[PDB]
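Presented below is the structure to which this report refers.
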Amino acid sequence: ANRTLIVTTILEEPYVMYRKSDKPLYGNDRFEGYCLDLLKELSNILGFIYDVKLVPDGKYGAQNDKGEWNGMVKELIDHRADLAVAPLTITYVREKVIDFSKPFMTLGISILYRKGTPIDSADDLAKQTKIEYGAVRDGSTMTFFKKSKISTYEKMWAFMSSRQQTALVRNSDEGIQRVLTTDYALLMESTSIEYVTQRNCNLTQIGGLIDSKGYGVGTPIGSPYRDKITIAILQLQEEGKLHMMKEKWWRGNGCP
Ligand SMILES: N[C@@H](CCC(=O)O)C(=O)O
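What the sequence shown shows, in the deposited numbering, is residues 415 to 529, 600 to 601, 652 to 790, in sequence order.
Here it is in structure tokens:
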């Protein structure tokens, strides 16, 4: 039998979530969401079973001062996992160190805040001094600001970096709590904003999308699965299955 593939992933609504049950769940049965459905589809097409393992450090992945990576990216580089099936953003810096599939979903960074302010854009947000802002530590939004040569974004990075202890949150859930409970705006991917703002009517997107990019399945460089995965993703795309999966996990339809 084909060796069981090790899948690195991360908890993120509605991509990967704990299933609610009144009875014990083990292994993969503990999880549900868009990425679990994607895995079910991909594994059918490619002919494997798999073992879902949450990334031990709970990070997506970024490189430090010394050039060392962490998170799911590190798991792939170190061949601790065969695949990363998660909302893993396809970026230039990452693509140099792992092999991504073609994208299964598109998105862009935008702003999540409460309602009622005159802040209408990143420019507004960077200029004002009332509201703090940041991003998930060691994810692609953080790295976007870190690498930016756009003046407003350079300022925003200097600010986030200066206030890193507080401004850079552990995960999206903690960032949402910080938005709700303090004067803080979260720089968050638009698909995640879409999800949360249709469920919590106290939240809103501010401004438009600041960039445009995709989520892809990650594999270690040289993986024999990456191209097979790309082909499977395109099949699912063309068959309308990716669209259906998005409708299943995002619907409805929740706030004015
Ligand atoms: N999808 C991002 C994590 C979320 C974010 O950075 O806003 C990543 O792959 O690193």
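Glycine included, C-beta positions come from ideal geometry on N, C-alpha and C.
{"Check": "Cβ-based neighbour list, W691, same chain, cut-off 7 Å, excluding 5 preceding and 5 following", "Outcome": "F679, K680, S682"}
{"Check": "Proximity winner among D672, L776, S685, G752, relative to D479 (alpha-carbon distances)", "Outcome": "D672"}
{"Check": "Per-residue DSSP class, three states only, for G748", "Outcome": "strand"}
{"Check": "Those residues which DSSP pairs with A495 across a bridge", "Outcome": "Bridge partners of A495: none, in fact."}
{"Check": "Beta carbon of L737 nearer than 8 Å to that of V730", "Outcome": "yes"}
{"Check": "Three-state secondary structure (DSSP) of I424", "Outcome": "coil"}
{"Check": "Residues of its chain near residue 360, where Cβ-Cβ distance is below 8 Å and the 5 sequence neighbours each way are ignored", "Outcome": "Lying before the first or after the last residue shown, residue 360 is absent from the chain, which here runs from 415 to 790."}
{"Check": "Given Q662 as reference, the closest of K529, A669, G668, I653 once Cα atoms are compared", "Outcome": "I653"}
{"Check": "First and last residue of the uninterrupted beta strand (DSSP E) at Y667", "Outcome": "666-668"}
{"Check": "Where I523 falls, given that 16 or more other Cβ within 10 Å makes a residue buried", "Outcome": "buried"}
{"Check": "Residue span of the alpha helix (DSSP H) that contains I525, given as start and end", "Outcome": "Counting along the chain, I525 falls outside any alpha helix (DSSP H), though it belongs to the beta strand (DSSP E) covering 523-528."}
{"Check": "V670: CB within 7 Å of a non-hydrogen atom of ligand 1", "Outcome": "yes"}
{"Check": "The beta strand (DSSP E) enclosing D657, as first and last residue numbers", "Outcome": "That residue, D657, is in no beta strand (DSSP E); its alpha helix (DSSP H) goes 656-661."}
{"Check": "Nearest candidate by alpha-carbon position, reference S726, set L714, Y718, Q739, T601", "Outcome": "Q739"}
{"Check": "Where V507 falls: helix, strand or coil (DSSP)", "Outcome": "helix"}
{"Check": "Alpha carbon of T700 to alpha carbon of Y667, nearest angstrom", "Outcome": "9 Å"}
{"Check": "Distance cut-off 7 Å: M779 Cβ against heavy atoms of ligand 1", "Outcome": "no"}
{"Check": "Nearest to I463 (by Cα), restricted to the options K488, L502, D436, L419", "Outcome": "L419"}
{"Check": "Cross-strand partners of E688 (DSSP beta bridge)", "Outcome": "Answer is none; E688 lacks a bridge partner."}
{"Check": "Through-space distance from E427 to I744, alpha-carbon basis", "Outcome": "22 Å"}
{"Check": "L714, buried or exposed, once every other Cβ within 10 Å from all chains shown has been counted against 16", "Outcome": "exposed"}
{"Check": "Residue environment, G742, which counts as buried when at least 16 other CB atoms sit within 10 Å", "Outcome": "exposed"}
{"Check": "Residues that DSSP places opposite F445 in a beta bridge", "Outcome": "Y432"}
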